[PDB]
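Starting off, we have a lone chain in the form deposited in one PDB entry, written out as structure tokens.
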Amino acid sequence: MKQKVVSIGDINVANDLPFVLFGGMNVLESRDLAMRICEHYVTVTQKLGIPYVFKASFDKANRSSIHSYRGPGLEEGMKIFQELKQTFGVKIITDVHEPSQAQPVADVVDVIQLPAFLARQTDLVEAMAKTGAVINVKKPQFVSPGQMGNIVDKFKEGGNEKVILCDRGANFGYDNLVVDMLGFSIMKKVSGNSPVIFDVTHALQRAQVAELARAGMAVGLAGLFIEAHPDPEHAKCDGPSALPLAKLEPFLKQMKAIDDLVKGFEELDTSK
């Protein structure tokens, strides 16, 4: 039973391969900040030996109040990714919201992303399926792991067969998320063993980021999705919960130690 491999350039994403890191920032506040963020990851990844795909949103459709920060915009956001690609030579992953946006971004970026709230949006899927680019399907919090087959299916049909599945927890009563560590294996199975990744920061709507990321890693995964900010405190708002830049490295040491140890275990069968 070998794992499906979805490559992003010279990068090979797969469940038995060492874990890739799709780290980054939430939104593209400004390039002076993007660059500073994207500067530390690269430095840290490069130094620790971990694949990496910077991530950032150039848009935000679920914000409260219309009189709020939508974001840079598709036309001004893509421009920002350009400069980073050159200056740093790393891949960029970003999410889209409308069917049309799909192709524009596909050119500019390496891994596009499908939002959870829109996971079941056939039109936007088919249109993201056209691009042929790599996809990251965030697993909705209201959907069971064994239902991720349909999404992957609908994508094969659209001609796209390069998909990654991202988990960010499941609803646990009102206003709360719990991560079912058992969902990863269920997702690998029904997904022709596509690559599974854990969005730890979004599964925590704290000093919890670490313990929870350790647990995810010990299961053995293809990737780890995260977000950080130089100053989480003052810039705290809501949505996810970012990691403190200055703790990137010491935290990523924890992951590799795990991911490496685990990724190299003699296959076990507690089945019989």
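Shifts are known only where both forms have a C-alpha. Counting begins at 1, following the sequence as shown. Definition used throughout: the rigid core is the maximal C-alpha set that superposes within 1.5 Å between two forms.
The same protein has a further form, the form deposited in another entry, not shown here; the description that follows concerns it.
Participant: Which is the one residue in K47, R36, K247, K236 whose C-alpha moves 2 Å or more between this form and the one not shown, relative to the superposed rigid core?
Facilitator: So the residue whose C-alpha moves 2 Å or more is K236.
Participant: So the C-alpha spacing of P240 and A170 changes by 3 Å or more in that other deposited form; is that change toward closer or farther than shown?
Facilitator: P240 and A170 sit farther apart in that other deposited form.
Participant: Might you say whether the CA atoms of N26 and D238 end up closer or farther apart in that other deposited form than in this form? Their distance differs by 3 Å or more.
Facilitator: Nearer in that other deposited form, by 3 Å or more.
Participant: Where the Cα shift reaches 2 Å or more for at least three residues in a row, which ranges qualify between this form and the one not shown on a rigid core fit?
Facilitator: After superposing the rigid core, the only shifted stretch between this form and the one not shown is 233-240.
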